[PDB]
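Undergrad: Input: one structure, supplied below.
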Amino acid sequence: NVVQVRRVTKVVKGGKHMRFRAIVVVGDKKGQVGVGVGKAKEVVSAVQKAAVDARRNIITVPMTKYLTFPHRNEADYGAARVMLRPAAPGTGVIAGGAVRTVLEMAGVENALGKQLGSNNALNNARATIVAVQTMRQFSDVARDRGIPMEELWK
Amino acid sequence: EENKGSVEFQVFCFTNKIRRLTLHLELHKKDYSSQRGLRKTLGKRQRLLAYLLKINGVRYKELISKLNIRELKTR
Amino acid sequence: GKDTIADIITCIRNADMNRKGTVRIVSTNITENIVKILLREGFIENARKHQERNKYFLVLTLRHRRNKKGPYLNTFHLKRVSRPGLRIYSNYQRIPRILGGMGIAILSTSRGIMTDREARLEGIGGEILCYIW
RNA sequence: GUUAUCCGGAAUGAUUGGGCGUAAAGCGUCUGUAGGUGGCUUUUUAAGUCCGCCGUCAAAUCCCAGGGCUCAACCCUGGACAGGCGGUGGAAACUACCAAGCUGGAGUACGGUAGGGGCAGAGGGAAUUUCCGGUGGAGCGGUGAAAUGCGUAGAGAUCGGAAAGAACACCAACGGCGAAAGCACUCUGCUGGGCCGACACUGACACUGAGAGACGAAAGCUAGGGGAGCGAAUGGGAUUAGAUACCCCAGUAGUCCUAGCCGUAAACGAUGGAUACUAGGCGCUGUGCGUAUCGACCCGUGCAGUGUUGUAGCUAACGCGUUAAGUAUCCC
Ligand SMILES: [Mg+2]
Ligand SMILES: [Mg+2]
Ligand SMILES: [Mg+2]
Ligand SMILES: [Mg+2]
Ligand SMILES: [Mg+2]
Ligand SMILES: [Mg+2]
Ligand SMILES: [Mg+2]
Ligand SMILES: [Mg+2]
Ligand SMILES: [Mg+2]
Ligand SMILES: [Mg+2]
Ligand SMILES: [Mg+2]
Ligand SMILES: [Mg+2]
Ligand SMILES: [Mg+2]
Ligand SMILES: [Mg+2]
Ligand SMILES: [Mg+2]
Ligand SMILES: [Mg+2]
Ligand SMILES: [Mg+2]
Ligand SMILES: [Mg+2]
Ligand SMILES: [Mg+2]
Ligand SMILES: [Mg+2]
Ligand SMILES: [Mg+2]
Ligand SMILES: [Mg+2]
Ligand SMILES: [Mg+2]
Ligand SMILES: [Mg+2]
Ligand SMILES: [Mg+2]
Ligand SMILES: [Mg+2]
Ligand SMILES: [Mg+2]
Ligand SMILES: [Mg+2]
Ligand SMILES: [Mg+2]
Ligand SMILES: [Mg+2]
Ligand SMILES: [Mg+2]
Ligand SMILES: [Mg+2]
Ligand SMILES: [Mg+2]
Ligand SMILES: [Mg+2]
Ligand SMILES: [Mg+2]
Ligand SMILES: [Mg+2]
Ligand SMILES: [Mg+2]
Ligand SMILES: [Mg+2]
Ligand SMILES: [Mg+2]
Ligand SMILES: [Mg+2]
Ligand SMILES: [Mg+2]
Ligand SMILES: [Mg+2]
């Protein structure tokens, strides 16, 4: 999914040397997502390199039986700050551009998200990833703490 | 000798070093380096007195009448 | 050392972020109880006491590095709440719960220190010391 | 649909929810009054705090559950979470209070030791300028190149005299003390801090600070002195289209001292203060310990400060990195 296409420029004695930057995110819509960035002369080739880069950067988002987040979480990258919190089933995914495309492409069905701080599409994508990467799932906190599930549920 | 750390002894040592410093501050008026110290030490003594007034009313009044220390500024 | 609680917390947070298992902290009724509780929740390996020159030190062993020091998925967070500047209290129906209950909230109440779990069982509110992830 | 009004989005006045090295932003620096916060242990009390019960916070509205107008809006019945105030019964951890304790925080004594800390009083030598002589006898001086200027009324040069003021070569160092401003030829005297080692002692006496106070480069000002050098202003000589500038030749305030006023600087670490806590490497200053010899090293170490690289972590990057711009608490 192409999130953003921009025309960045290097400048040479001749003139303006134009390239396209592509910010693209890949997912299966099944709980696997990644971001990648690429640069080329034509839209098409940039897009492609973006794809290939993302595919080698990719991670998994912890999901709950209703397709949402285990818990509330913040995230920080650059000036991008990101806030995600789980939602009741049937609220869909409400968020802004980077955060929402990444979330949606992961397959998260119901989530609240807001990016505070900056708006750069890219850093918000990365940030989202750092958010959902640090998501601990209950089985694992029960494994860490060394305490049975039913005890923490309470 | 007595208590060398006692409130009243300390306040004495201070009052005394101050009245001593007074003569030097009178003879050489341009020495600000020294005056700054005076003001510091006077501050210390004033603090101890406030403390002692909090802790024991009697020992305090006895002391400031004894060492001829000016009455406190809480009035 | 204007706040003692916050300071203990901090010594942990710091020693934790620097990948050390061993911390020296200064003991106190509060300190000791908090650490006990930390052990019965299971955020920390082992505690013990030491004494020298009428000083008490609780040394804390800490949960080992996560399958190396470089690749850490998890850290162990701590946050002061009621602090000398603003003291936060809560009744029974506002008692906090952390990350849906994955983490724990420490409360000082009339029945002593506890977690939010205990407070819910016994029906008590009180002063919220800190949160733990 | 357009306009007006209000809230939103706006985390853009921020408790939840931001910042102040370079982006707007740390008082120039301290001392300190109100005010805020403040170490550990036991007891007391119960003001906060918590739990139960009661009174009330009118009806209508909002929220939940039914019912009526064919539905809905609207109307009607019943009931309640919040949240507030007041009475009463309990709990006692934490803040607060009360009584007694404790040193690791803060101080005091004692003994050490380094220092351009400060004020005052003595003394020193170079160099420069002028003046008085002797020699000598045409140029000195200056610039990118010149000229003004000084010189046969004997300049400069050189030797010998006096006299005066100001500044202190080498040491000097990416070194020392200071709150900052700043402080250095030498010496003596009056005095401020610092740091270190010992239990010798008191026992939280702490940290910060609205107002307020003191100090505070240089220029400047009032009054009296002083006046070599330098030198705003000013004048001449150039250079230039011009040159109210740069360069040269002169040269007054001022620079210096005493007694005051002024209170501003890129007063800069462009970094408020205190406390705690988080790798190292290489350095220095002060001391202390053990070793080395039995006195200088030497080594390893403990502190206290000071300098350079750099890990974690932080940051928009640069960078900062135990002397944080890191992780937290308190005040401005
Ligand atoms: Mg940030
Ligand atoms: Mg936004
Ligand atoms: Mg309440
Ligand atoms: Mg707002
Ligand atoms: Mg805030
Ligand atoms: Mg801002
Ligand atoms: Mg600027
Ligand atoms: Mg600025
Ligand atoms: Mg400053
Ligand atoms: Mg000022
Ligand atoms: Mg102060
Ligand atoms: Mg006070
Ligand atoms: Mg108090
Ligand atoms: Mg306490
Ligand atoms: Mg009503
Ligand atoms: Mg209804
Ligand atoms: Mg109906
Ligand atoms: Mg009704
Ligand atoms: Mg009520
Ligand atoms: Mg009541
Ligand atoms: Mg009690
Ligand atoms: Mg007491
Ligand atoms: Mg001489
Ligand atoms: Mg001559
Ligand atoms: Mg110093
Ligand atoms: Mg001295
Ligand atoms: Mg005693
Ligand atoms: Mg002020
Ligand atoms: Mg003045
Ligand atoms: Mg001056
Ligand atoms: Mg004038
Ligand atoms: Mg001249
Ligand atoms: Mg002229
Ligand atoms: Mg002249
Ligand atoms: Mg003067
Ligand atoms: Mg200013
Ligand atoms: Mg400034
Ligand atoms: Mg050596
Ligand atoms: Mg140090
Ligand atoms: Mg540096
Ligand atoms: Mg560095
Ligand atoms: Mg910063």
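Each chain in the structure tokens gets a letter, A, B, ..., in the order shown, and its residues are numbered from 1; ligands are numbered from 1 in order too.
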Show me, as a Markdown table, the residues of chain D having an atom within 10 Å of ligand 2, each with the closest atom pair and its distance in Å, using only C-alpha atoms (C1' of nucleotides) and all ligand atoms.

TA:
| residue | atom | partner | partner_atom_place_in_ligand_line | distance |
| --- | --- | --- | --- | --- |
| D:9 | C1' | ligand 2 | 1 (Mg) | 8.0 |
| D:10 | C1' | ligand 2 | 1 (Mg) | 8.3 |
| D:11 | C1' | ligand 2 | 1 (Mg) | 7.9 |

Undergrad: Return the neighbours of chain A among the residues of chain C, cut-off 6 Å, counting only C-alpha atoms, as JSON, numbers by chain.

TA: {"C": [42, 43, 99]}

Undergrad: If you keep N, CA and C atoms, can you produce a file of those selected residues as a compact mmCIF listing (two decimals), in the first residue's frame?

TA:
# COMPACT_ATOMS: atom_id res chain seq x y z
N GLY C 42 6.10 -10.91 41.60
CA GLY C 42 7.10 -11.53 40.75
C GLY C 42 7.82 -10.67 39.74
N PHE C 43 8.06 -9.39 40.04
CA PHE C 43 8.79 -8.52 39.12
C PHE C 43 10.29 -8.55 39.32
N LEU C 99 -2.85 -1.39 32.48
CA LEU C 99 -2.77 -2.14 31.24
C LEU C 99 -3.71 -3.33 31.28

Undergrad: Got a sec to tell me which of region 62-131 of chain C DSSP assigns to strand (DSSP E), as a list in words?

TA: residues 78, 79, 80, 89, 90, 104, 105, 106, 107, 108, 109, 112, 113, 114, 126, 127, 128, 129, 130 and 131 of chain C

Undergrad: Tell me, as a PyMOL selection string, which residues lie within 12 Å of residue 53 (chain B), counting only C-alpha atoms (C1' of nucleotides); anything in the same chain fewer than 4 positions away does not count.

TA: (chain B and resi 7-8+46-49+57-64+71-74) or (chain D and resi 205)

Undergrad: Next, write the just-selected residues to a file, as a PDB file, in the first residue's frame, keeping N, CA and C atoms (P, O5', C5', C4', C3', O3' and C1' of nucleotides) as the atom set.

TA:
ATOM      1  N   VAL B   7      23.622  23.962  71.056  1.00  0.00           N
ATOM      2  CA  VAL B   7      23.048  25.133  70.404  1.00  0.00           C
ATOM      3  C   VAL B   7      23.637  26.415  70.960  1.00  0.00           C
ATOM      4  N   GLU B   8      23.534  26.566  72.274  1.00  0.00           N
ATOM      5  CA  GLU B   8      23.905  27.806  72.930  1.00  0.00           C
ATOM      6  C   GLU B   8      25.398  28.120  72.773  1.00  0.00           C
ATOM      7  N   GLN B  46      21.441  33.410  63.128  1.00  0.00           N
ATOM      8  CA  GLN B  46      20.023  33.721  63.090  1.00  0.00           C
ATOM      9  C   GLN B  46      19.169  32.453  62.900  1.00  0.00           C
ATOM     10  N   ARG B  47      19.627  31.554  62.023  1.00  0.00           N
ATOM     11  CA  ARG B  47      18.951  30.266  61.802  1.00  0.00           C
ATOM     12  C   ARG B  47      18.870  29.430  63.067  1.00  0.00           C
ATOM     13  N   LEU B  48      20.029  29.180  63.669  1.00  0.00           N
ATOM     14  CA  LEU B  48      20.082  28.435  64.922  1.00  0.00           C
ATOM     15  C   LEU B  48      19.130  28.999  65.952  1.00  0.00           C
ATOM     16  N   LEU B  49      19.130  30.320  66.095  1.00  0.00           N
ATOM     17  CA  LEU B  49      18.230  30.958  67.041  1.00  0.00           C
ATOM     18  C   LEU B  49      16.779  30.653  66.726  1.00  0.00           C
ATOM     19  N   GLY B  57      11.537  27.362  74.324  1.00  0.00           N
ATOM     20  CA  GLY B  57      11.298  28.789  74.473  1.00  0.00           C
ATOM     21  C   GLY B  57      12.181  29.412  75.538  1.00  0.00           C
ATOM     22  N   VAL B  58      12.329  28.666  76.626  1.00  0.00           N
ATOM     23  CA  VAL B  58      13.066  29.109  77.799  1.00  0.00           C
ATOM     24  C   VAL B  58      14.571  29.277  77.523  1.00  0.00           C
ATOM     25  N   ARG B  59      15.205  28.218  77.016  1.00  0.00           N
ATOM     26  CA  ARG B  59      16.632  28.242  76.691  1.00  0.00           C
ATOM     27  C   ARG B  59      16.947  29.358  75.715  1.00  0.00           C
ATOM     28  N   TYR B  60      16.022  29.575  74.784  1.00  0.00           N
ATOM     29  CA  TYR B  60      16.148  30.642  73.799  1.00  0.00           C
ATOM     30  C   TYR B  60      16.183  32.024  74.460  1.00  0.00           C
ATOM     31  N   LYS B  61      15.130  32.362  75.214  1.00  0.00           N
ATOM     32  CA  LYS B  61      15.058  33.699  75.820  1.00  0.00           C
ATOM     33  C   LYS B  61      16.247  33.957  76.754  1.00  0.00           C
ATOM     34  N   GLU B  62      16.555  32.951  77.570  1.00  0.00           N
ATOM     35  CA  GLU B  62      17.755  32.968  78.398  1.00  0.00           C
ATOM     36  C   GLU B  62      19.005  33.302  77.581  1.00  0.00           C
ATOM     37  N   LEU B  63      19.172  32.610  76.458  1.00  0.00           N
ATOM     38  CA  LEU B  63      20.345  32.799  75.608  1.00  0.00           C
ATOM     39  C   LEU B  63      20.468  34.203  75.016  1.00  0.00           C
ATOM     40  N   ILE B  64      19.412  34.688  74.362  1.00  0.00           N
ATOM     41  CA  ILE B  64      19.494  35.997  73.704  1.00  0.00           C
ATOM     42  C   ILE B  64      19.548  37.158  74.713  1.00  0.00           C
ATOM     43  N   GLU B  71      16.826  41.084  69.882  1.00  0.00           N
ATOM     44  CA  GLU B  71      15.581  40.332  69.942  1.00  0.00           C
ATOM     45  C   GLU B  71      15.154  39.908  68.548  1.00  0.00           C
ATOM     46  N   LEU B  72      14.427  38.802  68.462  1.00  0.00           N
ATOM     47  CA  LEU B  72      14.115  38.245  67.157  1.00  0.00           C
ATOM     48  C   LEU B  72      13.115  39.091  66.373  1.00  0.00           C
ATOM     49  N   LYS B  73      13.128  38.869  65.062  1.00  0.00           N
ATOM     50  CA  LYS B  73      12.365  39.625  64.075  1.00  0.00           C
ATOM     51  C   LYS B  73      10.982  39.028  63.844  1.00  0.00           C
ATOM     52  N   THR B  74      10.649  38.009  64.638  1.00  0.00           N
ATOM     53  CA  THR B  74       9.289  37.488  64.677  1.00  0.00           C
ATOM     54  C   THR B  74       8.625  38.085  65.911  1.00  0.00           C
TER      55      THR B  74
ATOM     56  P     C D 205      13.958  20.915  61.697  1.00  0.00           P
ATOM     57  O5'   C D 205      15.027  22.054  62.031  1.00  0.00           O
ATOM     58  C5'   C D 205      16.054  22.402  61.110  1.00  0.00           C
ATOM     59  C4'   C D 205      17.159  23.192  61.770  1.00  0.00           C
ATOM     60  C3'   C D 205      18.355  23.542  60.890  1.00  0.00           C
ATOM     61  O3'   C D 205      18.121  24.713  60.113  1.00  0.00           O
ATOM     62  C1'   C D 205      19.075  22.749  63.031  1.00  0.00           C
TER      63        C D 205
END

Undergrad: Please determine the contact residues of chain B with respect to chain D at a cut-off of 10 Å, counting only C-alpha atoms (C1' of nucleotides), and supply them as a ChimeraX atom specification.

TA: /B:1-11,13-14,21,23-25,27-40,42-44,47-52,55,73-74

Undergrad: List all protein, DNA and RNA residues that have at least one atom no more than 10 Å from any atom of ligand 30, counting only C-alpha atoms (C1' of nucleotides) and all ligand atoms, and write them as a VMD selection string.

TA: chain D and resid 217 to 220 254 to 255

Undergrad: Dump the neighbourhood of ligand 18 as a VMD selection string: all residues within 12 Å, distances computed on only C-alpha atoms (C1' of nucleotides) and all ligand atoms.

TA: chain D and resid 59 to 65 75 to 80

Undergrad: Would you put the residues from that selection into a file with N, CA and C atoms (P, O5', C5', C4', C3', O3' and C1' of nucleotides), as a PDB file, in the first residue's frame?

TA:
ATOM      1  P     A D  59     -36.197  16.782  42.302  1.00  0.00           P
ATOM      2  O5'   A D  59     -37.409  17.074  41.317  1.00  0.00           O
ATOM      3  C5'   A D  59     -38.747  16.765  41.677  1.00  0.00           C
ATOM      4  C4'   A D  59     -39.719  17.571  40.852  1.00  0.00           C
ATOM      5  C3'   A D  59     -39.543  17.476  39.337  1.00  0.00           C
ATOM      6  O3'   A D  59     -40.116  16.325  38.739  1.00  0.00           O
ATOM      7  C1'   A D  59     -39.637  19.742  39.945  1.00  0.00           C
ATOM      8  P     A D  60     -39.259  15.495  37.657  1.00  0.00           P
ATOM      9  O5'   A D  60     -39.059  16.521  36.450  1.00  0.00           O
ATOM     10  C5'   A D  60     -40.153  16.893  35.625  1.00  0.00           C
ATOM     11  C4'   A D  60     -39.799  17.990  34.646  1.00  0.00           C
ATOM     12  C3'   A D  60     -38.670  17.709  33.658  1.00  0.00           C
ATOM     13  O3'   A D  60     -39.078  16.941  32.537  1.00  0.00           O
ATOM     14  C1'   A D  60     -38.333  19.820  34.627  1.00  0.00           C
ATOM     15  P     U D  61     -38.135  15.775  31.949  1.00  0.00           P
ATOM     16  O5'   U D  61     -36.774  16.514  31.580  1.00  0.00           O
ATOM     17  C5'   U D  61     -36.698  17.389  30.463  1.00  0.00           C
ATOM     18  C4'   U D  61     -35.310  17.952  30.298  1.00  0.00           C
ATOM     19  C3'   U D  61     -34.209  16.935  30.033  1.00  0.00           C
ATOM     20  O3'   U D  61     -34.129  16.577  28.659  1.00  0.00           O
ATOM     21  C1'   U D  61     -33.515  18.455  31.715  1.00  0.00           C
ATOM     22  P     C D  62     -33.977  15.041  28.195  1.00  0.00           P
ATOM     23  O5'   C D  62     -32.478  14.662  28.574  1.00  0.00           O
ATOM     24  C5'   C D  62     -31.386  15.209  27.851  1.00  0.00           C
ATOM     25  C4'   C D  62     -30.071  14.928  28.535  1.00  0.00           C
ATOM     26  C3'   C D  62     -29.751  13.463  28.778  1.00  0.00           C
ATOM     27  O3'   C D  62     -29.242  12.814  27.626  1.00  0.00           O
ATOM     28  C1'   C D  62     -29.330  14.696  30.750  1.00  0.00           C
ATOM     29  P     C D  63     -29.931  11.460  27.108  1.00  0.00           P
ATOM     30  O5'   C D  63     -29.507  10.378  28.208  1.00  0.00           O
ATOM     31  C5'   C D  63     -28.132  10.093  28.450  1.00  0.00           C
ATOM     32  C4'   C D  63     -27.918   9.111  29.583  1.00  0.00           C
ATOM     33  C3'   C D  63     -28.792   7.864  29.594  1.00  0.00           C
ATOM     34  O3'   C D  63     -28.405   6.868  28.660  1.00  0.00           O
ATOM     35  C1'   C D  63     -28.736   8.781  31.763  1.00  0.00           C
ATOM     36  P     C D  64     -29.533   6.029  27.874  1.00  0.00           P
ATOM     37  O5'   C D  64     -30.082   5.000  28.962  1.00  0.00           O
ATOM     38  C5'   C D  64     -29.231   3.987  29.482  1.00  0.00           C
ATOM     39  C4'   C D  64     -29.872   3.204  30.606  1.00  0.00           C
ATOM     40  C3'   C D  64     -31.182   2.494  30.298  1.00  0.00           C
ATOM     41  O3'   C D  64     -31.025   1.289  29.561  1.00  0.00           O
ATOM     42  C1'   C D  64     -31.368   3.597  32.369  1.00  0.00           C
ATOM     43  P     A D  65     -32.219   0.748  28.623  1.00  0.00           P
ATOM     44  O5'   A D  65     -33.430   0.478  29.632  1.00  0.00           O
ATOM     45  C5'   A D  65     -33.422  -0.627  30.533  1.00  0.00           C
ATOM     46  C4'   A D  65     -34.745  -0.772  31.254  1.00  0.00           C
ATOM     47  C3'   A D  65     -35.993  -0.699  30.388  1.00  0.00           C
ATOM     48  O3'   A D  65     -36.265  -1.874  29.649  1.00  0.00           O
ATOM     49  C1'   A D  65     -36.298   0.671  32.273  1.00  0.00           C
ATOM     50  P     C D  75     -41.313  17.226  26.395  1.00  0.00           P
ATOM     51  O5'   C D  75     -42.620  16.400  26.790  1.00  0.00           O
ATOM     52  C5'   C D  75     -43.871  17.053  26.941  1.00  0.00           C
ATOM     53  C4'   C D  75     -44.971  16.093  27.323  1.00  0.00           C
ATOM     54  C3'   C D  75     -44.796  15.330  28.631  1.00  0.00           C
ATOM     55  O3'   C D  75     -45.211  16.086  29.761  1.00  0.00           O
ATOM     56  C1'   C D  75     -45.530  13.861  26.911  1.00  0.00           C
ATOM     57  P     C D  76     -44.661  15.740  31.234  1.00  0.00           P
ATOM     58  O5'   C D  76     -45.185  14.266  31.516  1.00  0.00           O
ATOM     59  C5'   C D  76     -46.550  14.017  31.812  1.00  0.00           C
ATOM     60  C4'   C D  76     -46.773  12.564  32.147  1.00  0.00           C
ATOM     61  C3'   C D  76     -45.843  11.975  33.189  1.00  0.00           C
ATOM     62  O3'   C D  76     -46.218  12.302  34.505  1.00  0.00           O
ATOM     63  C1'   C D  76     -46.062  10.471  31.383  1.00  0.00           C
ATOM     64  P     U D  77     -45.131  12.170  35.664  1.00  0.00           P
ATOM     65  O5'   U D  77     -45.038  10.600  35.929  1.00  0.00           O
ATOM     66  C5'   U D  77     -46.162   9.871  36.402  1.00  0.00           C
ATOM     67  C4'   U D  77     -45.844   8.405  36.568  1.00  0.00           C
ATOM     68  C3'   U D  77     -44.620   8.088  37.414  1.00  0.00           C
ATOM     69  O3'   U D  77     -44.888   8.112  38.804  1.00  0.00           O
ATOM     70  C1'   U D  77     -44.544   6.829  35.415  1.00  0.00           C
ATOM     71  P     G D  78     -43.747   8.580  39.831  1.00  0.00           P
ATOM     72  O5'   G D  78     -42.686   7.392  39.790  1.00  0.00           O
ATOM     73  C5'   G D  78     -43.070   6.072  40.151  1.00  0.00           C
ATOM     74  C4'   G D  78     -41.983   5.063  39.867  1.00  0.00           C
ATOM     75  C3'   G D  78     -40.587   5.423  40.340  1.00  0.00           C
ATOM     76  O3'   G D  78     -40.410   5.224  41.730  1.00  0.00           O
ATOM     77  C1'   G D  78     -40.477   4.533  38.150  1.00  0.00           C
ATOM     78  P     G D  79     -39.472   6.222  42.569  1.00  0.00           P
ATOM     79  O5'   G D  79     -37.997   5.714  42.232  1.00  0.00           O
ATOM     80  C5'   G D  79     -37.643   4.350  42.410  1.00  0.00           C
ATOM     81  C4'   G D  79     -36.398   3.975  41.639  1.00  0.00           C
ATOM     82  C3'   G D  79     -35.192   4.885  41.800  1.00  0.00           C
ATOM     83  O3'   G D  79     -34.509   4.720  43.036  1.00  0.00           O
ATOM     84  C1'   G D  79     -35.460   4.344  39.520  1.00  0.00           C
ATOM     85  P     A D  80     -33.735   5.964  43.715  1.00  0.00           P
ATOM     86  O5'   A D  80     -32.233   5.791  43.215  1.00  0.00           O
ATOM     87  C5'   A D  80     -31.701   4.499  42.964  1.00  0.00           C
ATOM     88  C4'   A D  80     -30.612   4.531  41.918  1.00  0.00           C
ATOM     89  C3'   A D  80     -29.487   5.526  42.150  1.00  0.00           C
ATOM     90  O3'   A D  80     -28.556   5.019  43.101  1.00  0.00           O
ATOM     91  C1'   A D  80     -30.162   5.543  39.855  1.00  0.00           C
TER      92        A D  80
END

Undergrad: Produce as a PyMOL selection string the set of residues near ligand 42, where near means within 9 Å with only C-alpha atoms (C1' of nucleotides) and all ligand atoms considered.

TA: chain D and resi 20-21+314-315+320+325

Undergrad: With N, CA, C and O atoms (P, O5', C5', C4', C3', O3' and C1' of nucleotides) retained, write the just-selected residues as a PDB file, in the first residue's frame.

TA:
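This went into part_11.pdb:
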ATOM      1  P     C D  20      13.474  22.165  27.042  1.00  0.00           P
ATOM      2  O5'   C D  20      14.044  23.641  27.237  1.00  0.00           O
ATOM      3  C5'   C D  20      14.221  24.515  26.127  1.00  0.00           C
ATOM      4  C4'   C D  20      14.573  25.908  26.582  1.00  0.00           C
ATOM      5  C3'   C D  20      15.624  25.971  27.678  1.00  0.00           C
ATOM      6  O3'   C D  20      16.934  25.987  27.149  1.00  0.00           O
ATOM      7  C1'   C D  20      13.760  27.310  28.275  1.00  0.00           C
ATOM      8  P     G D  21      17.962  24.811  27.497  1.00  0.00           P
ATOM      9  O5'   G D  21      19.300  25.253  26.756  1.00  0.00           O
ATOM     10  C5'   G D  21      20.142  26.255  27.304  1.00  0.00           C
ATOM     11  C4'   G D  21      21.419  26.357  26.521  1.00  0.00           C
ATOM     12  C3'   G D  21      21.233  26.692  25.056  1.00  0.00           C
ATOM     13  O3'   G D  21      21.140  28.089  24.839  1.00  0.00           O
ATOM     14  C1'   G D  21      22.634  24.814  25.253  1.00  0.00           C
ATOM     15  P     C D 314      16.019   6.771  25.294  1.00  0.00           P
ATOM     16  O5'   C D 314      16.449   8.306  25.370  1.00  0.00           O
ATOM     17  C5'   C D 314      15.882   9.179  26.343  1.00  0.00           C
ATOM     18  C4'   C D 314      16.560  10.535  26.371  1.00  0.00           C
ATOM     19  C3'   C D 314      16.349  11.429  25.159  1.00  0.00           C
ATOM     20  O3'   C D 314      15.111  12.115  25.205  1.00  0.00           O
ATOM     21  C1'   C D 314      18.638  11.434  25.774  1.00  0.00           C
ATOM     22  P     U D 315      14.170  12.160  23.906  1.00  0.00           P
ATOM     23  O5'   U D 315      14.922  13.170  22.940  1.00  0.00           O
ATOM     24  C5'   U D 315      15.033  14.535  23.293  1.00  0.00           C
ATOM     25  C4'   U D 315      16.019  15.253  22.414  1.00  0.00           C
ATOM     26  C3'   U D 315      15.723  15.244  20.929  1.00  0.00           C
ATOM     27  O3'   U D 315      14.722  16.185  20.569  1.00  0.00           O
ATOM     28  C1'   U D 315      18.037  14.867  21.317  1.00  0.00           C
ATOM     29  P     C D 320      29.526  18.191  22.987  1.00  0.00           P
ATOM     30  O5'   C D 320      28.419  17.733  24.036  1.00  0.00           O
ATOM     31  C5'   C D 320      27.675  18.690  24.766  1.00  0.00           C
ATOM     32  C4'   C D 320      26.783  18.030  25.779  1.00  0.00           C
ATOM     33  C3'   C D 320      27.426  16.998  26.687  1.00  0.00           C
ATOM     34  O3'   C D 320      28.159  17.572  27.755  1.00  0.00           O
ATOM     35  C1'   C D 320      25.353  16.186  25.908  1.00  0.00           C
ATOM     36  P     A D 325      23.147  19.631  32.182  1.00  0.00           P
ATOM     37  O5'   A D 325      22.178  19.752  30.926  1.00  0.00           O
ATOM     38  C5'   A D 325      20.780  19.507  31.047  1.00  0.00           C
ATOM     39  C4'   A D 325      20.264  18.676  29.896  1.00  0.00           C
ATOM     40  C3'   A D 325      20.858  17.273  29.794  1.00  0.00           C
ATOM     41  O3'   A D 325      19.891  16.377  29.225  1.00  0.00           O
ATOM     42  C1'   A D 325      21.388  18.490  27.850  1.00  0.00           C
TER      43        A D 325
END

Undergrad: List the neighbours of region 119-132 of chain A out to 9 Å using only C-alpha atoms (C1' of nucleotides); skip same-chain residues closer than 3 positions along the sequence, and give me the result as a PyMOL selection string.

TA: chain A and resi 3-4+23-25+33-35+37+59-62+69+73-84+97-103+115-116+135-136

Undergrad: In region 10-140 of chain A, what's helix (DSSP H, G or I) per DSSP? Answer as a VMD selection string?

TA: chain A and resid 43 to 57 97 to 106 121 to 133 138 to 140

Undergrad: Give me, please, the distance in Å between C1' of residue 307 (chain D) and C1' of residue 184 (chain D), quoted to one decimal.

TA: 22.6 Å

Undergrad: Please identify all protein, DNA and RNA residues within 10 Å of ligand 29, counting only C-alpha atoms (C1' of nucleotides) and all ligand atoms, and report them as a ChimeraX atom specification.

TA: /D:214-216,260-263

Undergrad: With only C-alpha atoms (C1' of nucleotides) and all ligand atoms counted, collect every polymer residue having an atom within 10 Å of ligand 39; state the result as a PyMOL selection string.

TA: chain D and resi 303-306+322-323

Undergrad: Which residues are near ligand 41 in this structure, taking near to mean any atom at most 8 Å from a ligand atom and counting only C-alpha atoms (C1' of nucleotides) and all ligand atoms? Format them as JSON, numbers by chain.

TA: {"D": [309, 310, 320, 321]}

Undergrad: Can you tell me, as a ChimeraX atom specification, what residues are no more than 12 Å from residue 4 (chain C) when counting only C-alpha atoms (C1' of nucleotides), ignoring any on the same chain fewer than 5 positions away?

TA: /C:9-11,25-31,80,83-84,129 /D:38-40,275-276,328-329

Undergrad: List every residue of chain D that has an atom at most 8 Å from any atom of ligand 37, and for each one report the closest atom pair and its distance in Å to one decimal, counting only C-alpha atoms (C1' of nucleotides) and all ligand atoms, with rows sorted by chain and then by increasing residue number, as CSV.

TA:
residue,atom,partner,partner_atom_place_in_ligand_line,distance
D:26,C1',ligand 37,1 (Mg),7.0
D:268,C1',ligand 37,1 (Mg),7.7
D:270,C1',ligand 37,1 (Mg),6.8
